[PDB]
>>> print(open('run_2.txt').read())   # compact mmCIF, C-alpha atoms and all ligand atoms
# COMPACT_ATOMS: atom_id res chain seq x y z
CA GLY A 1 0.00 0.00 0.00
CA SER A 2 3.06 2.30 0.38
CA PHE A 3 6.09 2.06 -1.97
CA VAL A 4 7.66 5.57 -1.55
CA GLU A 5 10.97 4.34 -3.02
CA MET A 6 9.11 3.78 -6.41
CA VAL A 7 6.69 6.80 -6.40
CA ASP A 8 7.74 9.16 -9.25
CA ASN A 9 10.23 6.75 -10.93
CA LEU A 10 8.81 7.51 -14.44
CA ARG A 11 9.77 10.52 -16.68
CA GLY A 12 9.03 11.46 -20.33
CA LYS A 13 7.91 14.08 -22.89
CA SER A 14 4.34 14.52 -24.19
CA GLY A 15 4.02 12.04 -27.14
CA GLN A 16 7.39 10.32 -26.53
CA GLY A 17 6.02 7.87 -23.89
CA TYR A 18 6.90 7.12 -20.21
CA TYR A 19 10.29 5.74 -19.12
CA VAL A 20 11.85 4.17 -16.04
CA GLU A 21 15.60 3.94 -15.23
CA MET A 22 17.00 0.37 -15.41
CA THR A 23 20.61 -0.99 -15.03
CA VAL A 24 21.88 -3.74 -17.34
CA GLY A 25 25.00 -5.90 -16.81
CA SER A 26 28.12 -6.21 -14.58
CA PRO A 27 29.27 -3.48 -13.81
CA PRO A 28 25.78 -1.92 -14.12
CA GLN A 29 25.09 0.15 -17.24
CA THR A 30 22.28 2.71 -16.68
CA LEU A 31 19.75 3.18 -19.46
CA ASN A 32 16.31 4.87 -19.70
CA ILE A 33 13.79 2.19 -20.72
CA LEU A 34 10.31 2.80 -22.22
CA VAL A 35 7.39 1.31 -20.19
CA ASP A 36 5.31 -0.57 -22.77
CA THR A 37 2.24 -2.77 -21.91
CA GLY A 38 1.70 -3.14 -25.70
CA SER A 39 4.78 -5.37 -26.39
CA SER A 40 6.46 -8.41 -24.65
CA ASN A 41 10.20 -7.96 -25.54
CA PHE A 42 12.94 -6.30 -23.40
CA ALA A 43 15.16 -4.75 -26.10
CA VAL A 44 17.69 -1.94 -25.67
CA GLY A 45 19.86 -0.08 -28.19
CA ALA A 46 23.25 -1.86 -28.58
CA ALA A 47 24.80 0.24 -31.38
CA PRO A 48 25.68 3.98 -31.61
CA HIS A 49 22.42 5.21 -33.32
CA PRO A 50 22.59 9.08 -33.53
CA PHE A 51 19.25 9.65 -31.71
CA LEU A 52 20.53 7.65 -28.66
CA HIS A 53 21.90 9.21 -25.43
CA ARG A 54 23.48 5.93 -24.21
CA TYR A 55 23.48 2.18 -25.22
CA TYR A 56 24.25 -1.47 -24.15
CA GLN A 57 27.94 -2.27 -24.60
CA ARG A 58 27.99 -6.07 -24.16
CA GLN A 59 31.85 -5.92 -24.41
CA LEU A 60 31.88 -4.35 -20.89
CA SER A 61 29.55 -6.81 -19.08
CA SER A 62 31.14 -9.64 -17.09
CA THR A 63 27.70 -11.31 -16.73
CA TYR A 64 26.67 -11.12 -20.44
CA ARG A 65 25.59 -14.47 -21.97
CA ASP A 66 25.13 -14.99 -25.67
CA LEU A 67 21.94 -16.82 -26.73
CA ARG A 68 23.38 -17.08 -30.32
CA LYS A 69 19.93 -16.27 -31.79
CA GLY A 70 18.62 -13.30 -33.75
CA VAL A 71 15.22 -11.60 -33.43
CA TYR A 72 13.42 -9.71 -36.24
CA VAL A 73 10.54 -7.44 -35.24
CA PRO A 74 8.70 -5.62 -38.06
CA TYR A 75 5.45 -3.86 -36.93
CA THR A 76 2.96 -1.34 -38.42
CA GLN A 77 4.81 1.94 -37.80
CA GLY A 78 8.44 0.76 -37.88
CA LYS A 79 10.93 -2.10 -37.44
CA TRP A 80 13.47 -3.41 -34.91
CA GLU A 81 16.10 -6.22 -35.03
CA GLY A 82 18.86 -7.49 -32.77
CA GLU A 83 20.83 -10.28 -31.12
CA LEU A 84 19.38 -12.27 -28.20
CA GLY A 85 21.30 -12.76 -24.90
CA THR A 86 20.96 -12.72 -21.07
CA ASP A 87 22.36 -10.36 -18.38
CA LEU A 88 21.81 -9.08 -14.84
CA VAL A 89 19.16 -6.35 -14.67
CA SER A 90 18.05 -4.27 -11.68
CA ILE A 91 15.74 -1.19 -11.27
CA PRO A 92 17.44 1.66 -9.27
CA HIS A 93 13.99 3.06 -8.18
CA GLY A 94 12.12 -0.25 -8.06
CA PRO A 95 12.25 -3.47 -5.97
CA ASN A 96 15.69 -4.11 -4.37
CA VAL A 97 16.49 -7.27 -6.47
CA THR A 98 18.73 -8.25 -9.46
CA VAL A 99 17.46 -10.58 -12.19
CA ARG A 100 18.94 -12.62 -15.03
CA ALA A 101 16.69 -11.57 -17.90
CA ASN A 102 16.57 -11.99 -21.70
CA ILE A 103 17.78 -8.85 -23.58
CA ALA A 104 17.57 -8.28 -27.31
CA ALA A 105 20.51 -6.11 -28.31
CA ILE A 106 18.96 -3.73 -30.99
CA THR A 107 21.44 -3.62 -33.97
CA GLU A 108 19.23 -2.26 -36.86
CA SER A 109 16.10 -0.15 -36.67
CA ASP A 110 13.75 2.05 -38.73
CA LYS A 111 11.25 4.53 -37.21
CA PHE A 112 11.88 2.83 -33.84
CA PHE A 113 13.87 5.31 -31.73
CA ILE A 114 12.39 8.79 -31.42
CA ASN A 115 14.73 11.74 -32.39
CA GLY A 116 14.60 13.93 -29.29
CA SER A 117 13.50 11.22 -26.81
CA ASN A 118 15.47 10.23 -23.69
CA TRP A 119 15.18 6.42 -23.87
CA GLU A 120 17.35 3.72 -25.50
CA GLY A 121 15.28 0.62 -24.93
CA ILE A 122 11.82 -0.82 -24.41
CA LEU A 123 10.35 -2.84 -21.54
CA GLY A 124 7.74 -5.24 -22.92
CA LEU A 125 5.35 -5.75 -19.97
CA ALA A 126 2.85 -7.95 -21.84
CA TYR A 127 2.71 -11.75 -22.02
CA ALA A 128 5.00 -14.35 -23.72
CA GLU A 129 2.24 -15.29 -26.29
CA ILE A 130 3.15 -12.07 -28.30
CA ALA A 131 6.95 -12.03 -27.43
CA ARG A 132 9.30 -12.30 -30.40
CA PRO A 133 10.39 -14.70 -31.97
CA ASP A 134 8.11 -17.04 -29.85
CA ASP A 135 6.48 -17.58 -26.40
CA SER A 136 9.65 -19.53 -25.40
CA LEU A 137 11.38 -16.16 -24.84
CA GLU A 138 10.50 -15.39 -21.24
CA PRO A 139 9.54 -11.68 -20.86
CA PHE A 140 11.17 -9.56 -18.09
CA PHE A 141 8.17 -9.54 -15.71
CA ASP A 142 7.83 -13.32 -15.98
CA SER A 143 11.60 -13.59 -15.23
CA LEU A 144 11.14 -11.11 -12.31
CA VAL A 145 8.33 -13.02 -10.44
CA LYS A 146 9.91 -16.50 -11.18
CA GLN A 147 13.33 -15.45 -9.61
CA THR A 148 12.12 -13.33 -6.63
CA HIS A 149 9.53 -12.76 -3.90
CA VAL A 150 8.08 -9.84 -5.96
CA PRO A 151 4.25 -10.33 -6.25
CA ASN A 152 2.88 -10.81 -9.85
CA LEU A 153 1.43 -7.30 -9.98
CA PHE A 154 2.41 -3.84 -11.24
CA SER A 155 0.55 -0.56 -11.33
CA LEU A 156 1.14 2.55 -13.38
CA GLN A 157 0.20 6.16 -12.73
CA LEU A 158 0.95 8.14 -15.97
CA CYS A 159 0.49 11.84 -15.31
CA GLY A 160 0.65 14.06 -18.42
CA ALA A 161 0.58 17.95 -18.35
CA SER A 162 7.66 17.38 -19.48
CA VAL A 163 5.69 14.56 -17.75
CA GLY A 164 6.07 11.98 -14.95
CA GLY A 165 4.41 9.06 -13.17
CA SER A 166 4.95 5.96 -10.93
CA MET A 167 5.54 2.32 -11.74
CA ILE A 168 4.80 0.28 -8.62
CA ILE A 169 6.45 -3.12 -9.16
CA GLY A 170 4.82 -5.86 -7.01
CA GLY A 171 2.03 -3.80 -5.51
CA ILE A 172 -0.32 -0.84 -5.17
CA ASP A 173 0.30 2.61 -3.60
CA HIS A 174 -2.92 4.13 -2.15
CA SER A 175 -1.71 7.73 -2.41
CA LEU A 176 -1.79 7.48 -6.27
CA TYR A 177 -5.58 7.20 -6.47
CA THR A 178 -8.77 8.51 -4.96
CA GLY A 179 -11.92 6.39 -4.32
CA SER A 180 -12.37 2.73 -5.23
CA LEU A 181 -10.57 0.49 -7.74
CA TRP A 182 -12.89 -1.38 -10.10
CA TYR A 183 -11.46 -4.48 -11.87
CA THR A 184 -12.07 -5.79 -15.40
CA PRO A 185 -10.95 -9.44 -16.22
CA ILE A 186 -7.97 -9.84 -18.63
CA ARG A 187 -9.84 -11.79 -21.48
CA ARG A 188 -6.65 -13.44 -22.75
CA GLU A 189 -2.99 -13.31 -21.62
CA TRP A 190 -1.18 -11.99 -24.73
CA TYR A 191 -1.80 -8.24 -24.87
CA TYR A 192 -3.65 -6.83 -21.83
CA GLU A 193 -7.01 -7.74 -23.51
CA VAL A 194 -10.13 -6.26 -21.95
CA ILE A 195 -13.81 -5.98 -23.06
CA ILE A 196 -15.66 -2.62 -23.67
CA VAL A 197 -19.42 -3.35 -23.19
CA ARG A 198 -21.06 0.12 -23.75
CA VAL A 199 -19.88 3.53 -25.00
CA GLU A 200 -21.50 6.84 -23.93
CA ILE A 201 -20.83 10.46 -25.11
CA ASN A 202 -21.95 12.75 -22.26
CA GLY A 203 -24.12 9.85 -21.08
CA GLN A 204 -25.73 9.55 -24.56
CA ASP A 205 -25.01 5.87 -25.47
CA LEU A 206 -23.43 5.20 -28.94
CA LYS A 207 -26.04 2.36 -29.42
CA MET A 208 -23.70 0.06 -31.37
CA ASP A 209 -23.48 -3.72 -31.14
CA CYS A 210 -20.82 -4.16 -28.46
CA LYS A 211 -18.80 -6.61 -30.62
CA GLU A 212 -17.91 -3.50 -32.76
CA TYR A 213 -16.20 -1.84 -29.73
CA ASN A 214 -13.78 -4.80 -29.50
CA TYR A 215 -13.19 -5.59 -33.22
CA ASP A 216 -10.77 -7.27 -33.33
CA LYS A 217 -9.45 -6.72 -29.75
CA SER A 218 -9.36 -4.12 -26.95
CA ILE A 219 -6.04 -3.61 -25.17
CA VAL A 220 -4.50 -1.41 -22.42
CA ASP A 221 -1.26 -0.01 -24.06
CA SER A 222 1.19 2.42 -22.31
CA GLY A 223 3.28 2.48 -25.56
CA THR A 224 0.48 4.37 -27.48
CA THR A 225 -0.37 8.14 -27.01
CA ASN A 226 -3.96 8.22 -28.47
CA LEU A 227 -7.17 6.42 -27.58
CA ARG A 228 -7.53 4.40 -30.79
CA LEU A 229 -10.96 3.09 -31.72
CA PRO A 230 -12.21 0.71 -34.42
CA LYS A 231 -13.09 2.50 -37.71
CA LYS A 232 -16.94 2.03 -37.41
CA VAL A 233 -16.81 3.09 -33.66
CA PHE A 234 -14.57 6.17 -34.43
CA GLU A 235 -17.13 7.49 -36.97
CA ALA A 236 -19.92 7.12 -34.41
CA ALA A 237 -17.86 8.83 -31.64
CA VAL A 238 -16.88 11.78 -33.88
CA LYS A 239 -20.50 12.34 -35.05
CA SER A 240 -21.60 12.41 -31.36
CA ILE A 241 -18.58 14.50 -30.18
CA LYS A 242 -19.11 16.99 -33.10
CA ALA A 243 -22.86 17.13 -32.14
CA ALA A 244 -22.18 17.74 -28.35
CA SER A 245 -19.75 20.57 -29.18
CA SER A 246 -21.66 22.48 -31.96
CA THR A 247 -21.45 25.76 -29.79
CA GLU A 248 -18.05 26.22 -31.56
CA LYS A 249 -17.03 25.05 -35.05
CA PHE A 250 -13.84 23.22 -36.13
CA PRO A 251 -12.42 22.15 -39.53
CA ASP A 252 -13.25 18.57 -40.72
CA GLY A 253 -9.50 17.79 -40.73
CA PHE A 254 -9.32 18.41 -36.95
CA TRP A 255 -11.23 15.21 -35.98
CA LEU A 256 -8.96 13.38 -38.43
CA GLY A 257 -5.93 14.70 -36.51
CA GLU A 258 -4.66 16.60 -39.64
CA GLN A 259 -5.16 20.07 -37.98
CA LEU A 260 -4.95 21.84 -34.65
CA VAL A 261 -7.31 24.19 -32.85
CA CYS A 262 -6.03 27.24 -31.02
CA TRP A 263 -7.51 29.46 -28.32
CA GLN A 264 -6.06 32.58 -26.60
CA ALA A 265 -3.76 31.43 -23.76
CA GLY A 266 -5.83 29.65 -21.08
CA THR A 267 -9.23 30.56 -22.61
CA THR A 268 -9.97 26.91 -23.63
CA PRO A 269 -13.70 26.11 -23.70
CA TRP A 270 -13.30 22.66 -21.91
CA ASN A 271 -16.94 22.94 -20.75
CA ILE A 272 -18.16 22.75 -24.43
CA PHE A 273 -16.60 19.31 -24.98
CA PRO A 274 -18.36 16.11 -23.86
CA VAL A 275 -16.96 13.49 -21.47
CA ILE A 276 -16.22 10.03 -22.90
CA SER A 277 -17.30 6.87 -21.09
CA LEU A 278 -16.07 3.34 -21.71
CA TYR A 279 -18.09 0.70 -19.85
CA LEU A 280 -15.81 -2.29 -19.18
CA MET A 281 -16.97 -5.87 -18.32
CA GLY A 282 -17.14 -6.21 -14.53
CA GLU A 283 -15.79 -8.89 -12.16
CA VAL A 284 -19.26 -10.54 -11.75
CA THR A 285 -21.74 -12.00 -14.32
CA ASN A 286 -24.04 -9.22 -15.68
CA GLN A 287 -22.10 -6.48 -13.80
CA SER A 288 -20.07 -3.64 -15.35
CA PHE A 289 -18.50 -0.23 -14.38
CA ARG A 290 -17.41 2.80 -16.35
CA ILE A 291 -14.32 4.91 -16.82
CA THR A 292 -14.99 8.56 -17.73
CA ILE A 293 -12.38 10.82 -19.33
CA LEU A 294 -12.43 14.61 -19.89
CA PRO A 295 -11.43 16.75 -22.95
CA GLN A 296 -8.29 17.40 -20.76
CA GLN A 297 -7.34 13.77 -21.60
CA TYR A 298 -8.41 13.69 -25.34
CA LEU A 299 -7.39 17.20 -26.49
CA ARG A 300 -3.61 16.74 -26.40
CA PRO A 301 -1.77 20.17 -26.39
CA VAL A 302 0.85 20.74 -29.18
CA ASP A 303 -2.13 31.34 -27.99
CA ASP A 304 -2.79 27.67 -26.78
CA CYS A 305 -3.09 24.85 -29.46
CA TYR A 306 -4.42 21.28 -29.17
CA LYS A 307 -4.55 18.05 -31.24
CA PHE A 308 -7.60 15.68 -31.28
CA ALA A 309 -6.03 12.62 -29.61
CA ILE A 310 -8.83 10.15 -30.57
CA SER A 311 -8.18 8.14 -33.75
CA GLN A 312 -9.47 5.37 -36.10
CA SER A 313 -7.83 1.95 -35.65
CA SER A 314 -7.58 -1.16 -37.84
CA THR A 315 -6.35 -3.29 -34.85
CA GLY A 316 -9.25 -2.60 -32.45
CA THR A 317 -9.46 -0.40 -29.35
CA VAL A 318 -6.11 0.76 -27.98
CA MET A 319 -6.58 2.33 -24.54
CA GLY A 320 -3.39 4.37 -24.75
CA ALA A 321 -2.03 7.36 -22.78
CA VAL A 322 -5.29 9.49 -23.44
CA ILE A 323 -7.05 6.86 -21.19
CA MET A 324 -4.17 5.94 -18.82
CA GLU A 325 -3.44 9.61 -17.86
CA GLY A 326 -6.90 9.89 -16.28
CA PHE A 327 -6.50 6.68 -14.12
CA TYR A 328 -4.35 4.61 -11.73
CA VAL A 329 -4.04 1.30 -13.62
CA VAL A 330 -3.40 -1.96 -11.72
CA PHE A 331 -2.13 -4.97 -13.77
CA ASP A 332 -3.25 -7.73 -11.34
CA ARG A 333 -1.52 -10.50 -13.28
CA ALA A 334 -2.09 -12.99 -10.41
CA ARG A 335 -5.83 -12.59 -10.56
CA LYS A 336 -5.94 -12.27 -14.41
CA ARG A 337 -7.63 -8.76 -14.01
CA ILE A 338 -7.01 -4.98 -14.47
CA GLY A 339 -8.14 -2.42 -11.90
CA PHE A 340 -9.00 1.26 -12.63
CA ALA A 341 -9.29 4.16 -10.15
CA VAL A 342 -9.20 7.99 -10.50
CA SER A 343 -5.49 9.14 -10.81
CA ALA A 344 -4.52 11.52 -7.92
CA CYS A 345 -2.51 13.35 -10.63
CA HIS A 346 -5.13 13.49 -13.47
CA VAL A 347 -5.77 16.84 -15.21
CA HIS A 348 -9.26 18.38 -14.69
CA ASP A 349 -11.26 21.67 -14.17
CA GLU A 350 -13.30 23.05 -11.20
CA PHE A 351 -16.48 21.47 -12.71
CA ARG A 352 -15.65 17.91 -13.91
CA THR A 353 -13.20 15.13 -12.87
CA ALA A 354 -12.28 11.76 -14.46
CA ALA A 355 -14.46 9.06 -12.84
CA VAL A 356 -14.61 5.33 -12.20
CA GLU A 357 -18.29 4.71 -11.30
CA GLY A 358 -20.02 1.37 -10.54
CA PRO A 359 -21.83 -1.05 -10.55
CA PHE A 360 -24.02 -1.32 -13.62
CA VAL A 361 -26.46 -3.94 -15.05
CA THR A 362 -25.15 -5.07 -18.46
CA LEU A 363 -26.34 -8.24 -20.21
CA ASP A 364 -24.43 -10.56 -22.64
CA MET A 365 -21.07 -8.92 -21.93
CA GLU A 366 -19.41 -12.18 -23.20
CA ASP A 367 -21.14 -11.48 -26.59
CA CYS A 368 -18.99 -8.24 -26.88
CA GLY A 369 -15.85 -10.35 -27.28
CA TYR A 370 -14.64 -11.03 -30.80
CA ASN A 371 -13.55 -14.49 -31.91
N1 LIG B 401 2.94 -0.56 -27.61
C1 LIG B 401 3.72 -0.36 -28.67
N2 LIG B 401 5.00 -0.63 -28.64
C2 LIG B 401 5.88 -0.43 -29.80
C3 LIG B 401 6.72 0.87 -29.78
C4 LIG B 401 6.40 1.93 -28.94
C5 LIG B 401 7.06 3.16 -29.03
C6 LIG B 401 6.65 4.33 -28.18
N3 LIG B 401 5.20 4.42 -27.98
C7 LIG B 401 4.49 5.50 -28.65
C8 LIG B 401 4.70 6.75 -27.73
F1 LIG B 401 5.96 7.18 -27.76
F2 LIG B 401 3.94 7.77 -28.09
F3 LIG B 401 4.38 6.48 -26.46
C9 LIG B 401 8.06 3.29 -29.97
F4 LIG B 401 8.64 4.51 -30.13
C10 LIG B 401 8.45 2.26 -30.79
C11 LIG B 401 7.77 1.08 -30.67
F5 LIG B 401 8.19 0.03 -31.41
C12 LIG B 401 6.83 -1.66 -29.56
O1 LIG B 401 6.19 -2.89 -29.92
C13 LIG B 401 5.82 -2.97 -31.29
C14 LIG B 401 5.25 -4.38 -31.37
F6 LIG B 401 6.31 -5.22 -31.17
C15 LIG B 401 4.73 -1.95 -31.59
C16 LIG B 401 5.16 -0.53 -31.21
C17 LIG B 401 4.03 0.48 -31.35
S1 LIG B 401 2.79 0.35 -30.03
CL CL B 402 -2.01 -2.29 1.47
CL CL B 403 -17.45 -7.62 -35.78
NA NA B 404 -6.62 5.35 -1.74
NA NA B 405 -4.56 2.37 -40.44
>>> encode(input="run_2.txt", output="C-alpha cells")
Amino acid sequence: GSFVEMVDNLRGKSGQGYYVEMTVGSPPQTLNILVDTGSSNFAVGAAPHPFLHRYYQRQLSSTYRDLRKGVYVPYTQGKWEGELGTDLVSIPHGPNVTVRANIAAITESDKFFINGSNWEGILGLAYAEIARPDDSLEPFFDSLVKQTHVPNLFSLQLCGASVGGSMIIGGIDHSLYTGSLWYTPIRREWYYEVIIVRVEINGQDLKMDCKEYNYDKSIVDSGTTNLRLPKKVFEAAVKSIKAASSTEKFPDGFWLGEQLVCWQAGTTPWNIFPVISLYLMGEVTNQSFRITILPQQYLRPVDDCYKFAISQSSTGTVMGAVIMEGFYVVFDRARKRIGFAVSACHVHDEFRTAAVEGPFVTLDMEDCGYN
C-alpha cells in the first residue's frame, strides 16, 4: 500500500512515452527504458544510433551471456532487429532485487527510436504469447516473479501535463488514487485484452453492437499516445462528439488529426466538450462499471493549441495514454484482471473530474468479445 521508493520513478515528454531507469549488466550500465504494456520484448539499443543518449555495450559486461539467436521485429509503424542474450538487470527506483533476464541487443532499426526522446530501450510488460520470436522467450516480468519474492502485480500512474508518473512493481500505492478500484478481467494473456461493453458520449449511449467496440481486440497499451478506436466506432464517436460541441465550429480535418485548434492562452472552452465513457466488463456475471475521461485527456496540447487525440484503428481499441493519464491502472496479473481508479494526478477543471463509477447492469457482456 506504500512504496515511496518507487513513487515518481517515471519521466518522459508529451508524445514520446513514459520511461523508467534500469541498469543492465556487470558493472551496471544505466539506461532509460520505455514502459510498454503493448509489447512483450525487453530490447535496448546496442549500437551507436545518432538519436541515442546511451546504449548497451555487451563488451563491458562480465555477466553477459550470448543466446546465439537473432530476433526480427517488423510492426505497423516501424521495425526493430537485434541479437538475443541474457544479463543481470536491476531497477534503481524499483524493488531491491537483481534478475537474469533476456535482452535483445537492438542492432538495426527504422522509425523505432524517437529523435529527441530520452530512452534507448523498451520494456515489454505484456505476455510471452506475443513475445518475439516465440512464447519460449520469457519476458522480463515473468523472469522477475519467477526469480524473486516480488508479487505478480504492477501498477502505473501516468500523469501528463515534461511529464512523470509511478511504476509500482509488485504492488499498489494508495496515495496514487482517490476512491475505489474497479477491476475488469484480462480476457486473454497476450496483450492486456479487456472488453468494452457500452460507450457513452456525455451519457448519450453510442447504441452500437458491443462486438464493434472490440473488433478485433481491446487492449490497455502504455506504448500508445492516443485512444484508438475501431473505424466504425470512431465514426460514431466523432458524429456524437461533433454534435455535443456544436457551440463552436472546427475544420473537418481536426477530428482526423490533420489540424490543430487554437484558443487565446488559457481561454480553452473545456466545458463545451463532452466526457467520454467506456463501460468495461465487470468482475461478476451481468455487472459492469465505467471509466470517464475529460477533454483534458483527449485534447492533447501541441495562444494555446491542441490536437484531437482520438483516432481510427484497424487493430481494435487501444486504450493508450489518453485513457491511462486519467487513471491509476493496476495490472493484477495474479488474478488475471485490471483495476481502474481515479489518478490523484489526473488533469481536470473546477467542474468535472475523471471518474470510475459502478456497478451497472449489463447483459451478454461475453457477446462483446470477438472471436
Ligand atoms: N505498444 C507499442 N510498442 C511499440 C513501440 C512503442 C514506441 C513508443 N510508444 C508511442 C509513444 F511514444 F507515443 F508512447 C516506440 F517509439 C516504438 C515502438 F516500437 C513496440 O512494440 C511494437 C510491437 F512489437 C509496436 C510498437 C508500437 S505500439
Ligand atoms: Cl495495502
Ligand atoms: Cl465484428
Ligand atoms: Na486510496
Ligand atoms: Na490504419
>>> residues_near_point(input="run_2.txt", point="(10.1, 6.1, -21.4)", cutoff="9 Å", atoms="only C-alpha atoms", output="list in words")
residues 10, 11, 12, 13, 16, 17, 18, 19, 20, 21, 32, 33, 34, 35, 36, 117, 118, 119, 120, 121, 122, 123 and 223 of chain A
>>> closest_residue(input="run_2.txt", among="A:276, A:236, A:329, A:168", to="residue 221 in chain A", atoms="all atoms listed in the file")
A:329
>>> closest_residue(input="run_2.txt", among="A:214, A:246, A:343, A:297", to="ligand CL 403 (chain B)", atoms="only C-alpha atoms and all ligand atoms")
A:214
>>> atom_distance(input="run_2.txt", atom1="CA of residue 104 in chain A", atom2="CA of residue 25 in chain A")
13.1 Å
>>> atom_distance(input="run_2.txt", atom1="CA of residue 244 in chain A", atom2="CA of residue 201 in chain A")
8.1 Å
>>> residues_near_ligand(input="run_2.txt", ligand="ligand NA 405 (chain B)", cutoff="9 Å", atoms="all atoms listed in the file", output="list in words")
residues 76, 231, 312, 313, 314 and 315 of chain A
>>> closest_residue(input="run_2.txt", among="A:291, A:149, A:125, A:242", to="residue 203 in chain A", atoms="all atoms listed in the file")
A:291
>>> closest_residue(input="run_2.txt", among="A:81, A:142, A:258, A:173", to="ligand NA 404 (chain B)", atoms="only C-alpha atoms and all ligand atoms")
A:173
>>> closest_atom_pairs(input="run_2.txt", of="chain A", to="ligand CL 402 (chain B)", cutoff="12 Å", atoms="only C-alpha atoms and all ligand atoms", output="CSV")
residue,atom,partner,partner_atom,distance
A:1,CA,B:CL402,CL,3.4
A:2,CA,B:CL402,CL,6.9
A:3,CA,B:CL402,CL,9.8
A:170,CA,B:CL402,CL,11.5
A:171,CA,B:CL402,CL,8.2
A:172,CA,B:CL402,CL,7.0
A:173,CA,B:CL402,CL,7.4
A:174,CA,B:CL402,CL,7.4
A:175,CA,B:CL402,CL,10.7
>>> residues_near_ligand(input="run_2.txt", ligand="ligand LIG 401 (chain B)", cutoff="7 Å", atoms="all atoms listed in the file", output="list in words")
residues 15, 16, 17, 18, 36, 37, 38, 39, 73, 75, 77, 78, 79, 112, 113, 114, 221, 222, 223, 224 and 225 of chain A
>>> closest_residue(input="run_2.txt", among="A:367, A:350, A:357, A:5", to="ligand CL 403 (chain B)", atoms="all atoms listed in the file")
A:367
>>> closest_residue(input="run_2.txt", among="A:275, A:52, A:103, A:46", to="residue 66 in chain A", atoms="only C-alpha atoms")
A:103
>>> closest_atom_pairs(input="run_2.txt", of="chain A", to="ligand CL 403 (chain B)", cutoff="10 Å", atoms="only C-alpha atoms and all ligand atoms", output="tab-separated table")
residue	atom	partner	partner_atom	distance
A:209	CA	B:CL403	CL	8.5
A:210	CA	B:CL403	CL	8.8
A:211	CA	B:CL403	CL	5.4
A:212	CA	B:CL403	CL	5.1
A:213	CA	B:CL403	CL	8.5
A:214	CA	B:CL403	CL	7.8
A:215	CA	B:CL403	CL	5.4
A:216	CA	B:CL403	CL	7.1
A:230	CA	B:CL403	CL	9.9
A:232	CA	B:CL403	CL	9.8
A:368	CA	B:CL403	CL	9.1
A:369	CA	B:CL403	CL	9.1
A:370	CA	B:CL403	CL	6.7
A:371	CA	B:CL403	CL	8.8
>>> write_last_selection(input="run_2.txt", atoms="C-alpha atoms", output="short mmCIF file (atom, residue, chain, number, x, y, z; two decimals), in the frame of the given file")
data_model
loop_
_atom_site.label_atom_id
_atom_site.label_comp_id
_atom_site.auth_asym_id
_atom_site.auth_seq_id
_atom_site.Cartn_x
_atom_site.Cartn_y
_atom_site.Cartn_z
CA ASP A 209 -23.48 -3.72 -31.14
CA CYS A 210 -20.82 -4.16 -28.46
CA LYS A 211 -18.80 -6.61 -30.62
CA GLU A 212 -17.91 -3.50 -32.76
CA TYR A 213 -16.20 -1.84 -29.73
CA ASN A 214 -13.78 -4.80 -29.50
CA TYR A 215 -13.19 -5.59 -33.22
CA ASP A 216 -10.77 -7.27 -33.33
CA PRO A 230 -12.21 0.71 -34.42
CA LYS A 232 -16.94 2.03 -37.41
CA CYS A 368 -18.99 -8.24 -26.88
CA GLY A 369 -15.85 -10.35 -27.28
CA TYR A 370 -14.64 -11.03 -30.80
CA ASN A 371 -13.55 -14.49 -31.91
#
>>> residues_around(input="run_2.txt", residues="residue 322 in chain A", least_positions_apart="4", cutoff="9 Å", atoms="only C-alpha atoms", output="CSV table (one decimal) with C-alpha atoms, in the frame of the given file")
chain,number,residue,atom,x,y,z
A,224,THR,CA,0.5,4.4,-27.5
A,225,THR,CA,-0.4,8.1,-27.0
A,226,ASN,CA,-4.0,8.2,-28.5
A,227,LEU,CA,-7.2,6.4,-27.6
A,293,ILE,CA,-12.4,10.8,-19.3
A,296,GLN,CA,-8.3,17.4,-20.8
A,297,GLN,CA,-7.3,13.8,-21.6
A,298,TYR,CA,-8.4,13.7,-25.3
A,299,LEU,CA,-7.4,17.2,-26.5
A,300,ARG,CA,-3.6,16.7,-26.4
A,309,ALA,CA,-6.0,12.6,-29.6
A,310,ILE,CA,-8.8,10.2,-30.6
A,326,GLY,CA,-6.9,9.9,-16.3
>>> residues_around(input="run_2.txt", residues="residue 62 in chain A", least_positions_apart="2", cutoff="9 Å", atoms="all atoms listed in the file", output="compact mmCIF listing (two decimals) with C-alpha atoms, in the frame of the given file")
# COMPACT_ATOMS: atom_id res chain seq x y z
CA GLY A 25 25.00 -5.90 -16.81
CA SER A 26 28.12 -6.21 -14.58
CA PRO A 27 29.27 -3.48 -13.81
CA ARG A 58 27.99 -6.07 -24.16
CA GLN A 59 31.85 -5.92 -24.41
CA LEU A 60 31.88 -4.35 -20.89
CA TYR A 64 26.67 -11.12 -20.44
CA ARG A 65 25.59 -14.47 -21.97
CA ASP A 87 22.36 -10.36 -18.38
>>> residues_around(input="run_2.txt", residues="residue 303 in chain A", least_positions_apart="6", cutoff="7 Å", atoms="all atoms listed in the file", output="list in words")
residues 262, 263, 264 and 265 of chain A
>>> write_last_selection(input="run_2.txt", atoms="C-alpha atoms", output="compact mmCIF listing (two decimals), keeping the file's coordinate frame")
# COMPACT_ATOMS: atom_id res chain seq x y z
CA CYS A 262 -6.03 27.24 -31.02
CA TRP A 263 -7.51 29.46 -28.32
CA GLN A 264 -6.06 32.58 -26.60
CA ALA A 265 -3.76 31.43 -23.76
